[PDB]
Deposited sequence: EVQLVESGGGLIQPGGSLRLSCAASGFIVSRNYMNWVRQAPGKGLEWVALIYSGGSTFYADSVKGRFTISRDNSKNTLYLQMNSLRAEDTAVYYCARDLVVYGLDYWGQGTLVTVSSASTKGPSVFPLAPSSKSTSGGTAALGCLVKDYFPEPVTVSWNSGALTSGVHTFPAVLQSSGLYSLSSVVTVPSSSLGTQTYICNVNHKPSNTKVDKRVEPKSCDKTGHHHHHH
């Protein structure tokens, strides 16, 4: 029950601003070394900012003058203020508690920051109807959205084995697309109904799509 929960990521136009936040529990942020570390898509880790329990702050050269790390002791929360964002700040940002010589022991789940001129667009969800013996495959086509990420679960999470949600591919139009599939016993097509739940928070899109033969 030591956790760090990030929020505030999303799409922003280059030269705009964004503040991230990191609610902590199971230690006191004002009493700890705390860090932000970022990871550009498919790339390595890059330290961003450090704050001391005594109040001093320190920044990587690539963000100094634009980012500001801070905290709020009553809300036990860590902040990153980002100004004058550029395309190369696109990354998922992690907060982490630093035991400097004992390493970075607890990390947030991460939060994606996309800086881009492209407008947001919600997905269209289309069924991949099963074929019907033995085993059957079915799923959902999540087409034409921006930006990343989308979440897809099946039957509100009551179905996890056999599931493959593929990483999005950027299409020529500049929009993302993906499929989520699942394999099930052919007999269960008569027994179990199958709904894929698609959430695209940037566009406020919640879609439930029943997939039938």
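Participant: Please list, in sequence order, every stretch of the deposited sequence that lacks C-alpha coordinates.
Facilitator: Several stretches lack coordinates - namely 133-136, 218-230, in sequence order.
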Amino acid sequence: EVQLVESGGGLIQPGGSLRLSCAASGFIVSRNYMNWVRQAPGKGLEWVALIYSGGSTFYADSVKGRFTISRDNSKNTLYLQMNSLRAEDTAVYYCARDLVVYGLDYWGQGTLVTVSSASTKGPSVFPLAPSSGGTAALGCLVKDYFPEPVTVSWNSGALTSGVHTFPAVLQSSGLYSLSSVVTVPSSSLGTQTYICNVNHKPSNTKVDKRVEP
From here on, numbers count along this sequence of modelled residues.
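Participant: If you average the CA temperature factors over each stretch, which comes out higher, 184-192 or 165-173?
Facilitator: Higher of the two, by average CA B-factor, is 184-192.
Participant: Among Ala158, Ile28, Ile51, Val48, which residue carries the highest C-alpha B-factor recorded in the PDB entry?
Facilitator: Each of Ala158, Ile28, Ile51, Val48 was compared by C-alpha B-factor; the highest is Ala158.
Participant: Lowest, middle or highest third: where is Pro41 by Cα B-factor in its chain?
Facilitator: It falls in the top third of the chain.
Participant: Would the CA B-factor of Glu88 place it in the lowest, middle or highest third of its chain?
Facilitator: Its C-alpha B-factor, which the entry lists for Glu88, ranks in the middle third among residues of this chain.
Participant: Lowest, middle or highest third of the chain for the C-alpha temperature factor of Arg97?
Facilitator: It falls in the bottom third of the chain.
Participant: What third of its chain's C-alpha B-factors does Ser124 belong to: lowest, middle or highest?
Facilitator: Middle third, going by the recorded CA B-factors of the chain.
Participant: Among the modelled residues of this chain, does the Cα B factor of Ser116 put it in the lowest, middle or highest third?
Facilitator: Middle third, going by the recorded CA B-factors of the chain.
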